[PDB]
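Next comes just one chain, in structure tokens: the form deposited in one PDB entry.
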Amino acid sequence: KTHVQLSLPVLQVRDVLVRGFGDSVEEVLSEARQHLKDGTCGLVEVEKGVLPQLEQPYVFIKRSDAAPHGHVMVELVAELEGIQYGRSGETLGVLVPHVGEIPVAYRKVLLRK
């Protein structure tokens, strides 16, 4: 399938134990995709002061369309020193590894895989 229905745990930035996916744009996009597939990916909602508490490169999920079965269609865009790799809509949040942190909510997305 080109798209996969996922329910992503929404984590508070100060709870997150592993604050990024790795060290290159290519690695973080790779790792993000692997964690999304394995159900080990959390979502942090971006507000004032959130991104400086996470590790670059960042992986965003961005709205790709204006929502089958409640699932917002999204795609992955990476960022490193203010340059983005990808072009998409509005940010739903930043992806991070999930290692058992307690979520505050779940974000239903349809991920272009």
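Heads up: residue numbers just count along the shown sequence, starting at 1.
- Unmodelled deposited residues between residue 83 and residue 84: none, per the record.
- If you average the C-alpha B-factors over 51 to 59 and over 68 to 76, the higher value belongs to 68 to 76.
- Taking the PDB entry as given, 86 to 94 carries the higher mean Cα B factor of the two stretches 86 to 94 and 9 to 17.
- Split the chain's modelled residues into thirds by C-alpha temperature factor. Residue 35 is in the lowest one.
What comes next is about the form deposited with a small molecule bound, which is not displayed.
- Residue contact with the small molecule in the deposited complex: residue 62 places no heavy atom within 4.5 Å of it.
- By the criterion of a heavy atom within 4.5 Å, residue 71 is excluded from the residues contacting the small molecule in the deposited complex.
- For residue 113, a non-hydrogen atom is located within 4.5 Å of the small molecule in the deposited complex, even though that partner is not displayed.
- Contact check for residue 36: a heavy atom falls within 4.5 Å of the small molecule in the deposited complex.
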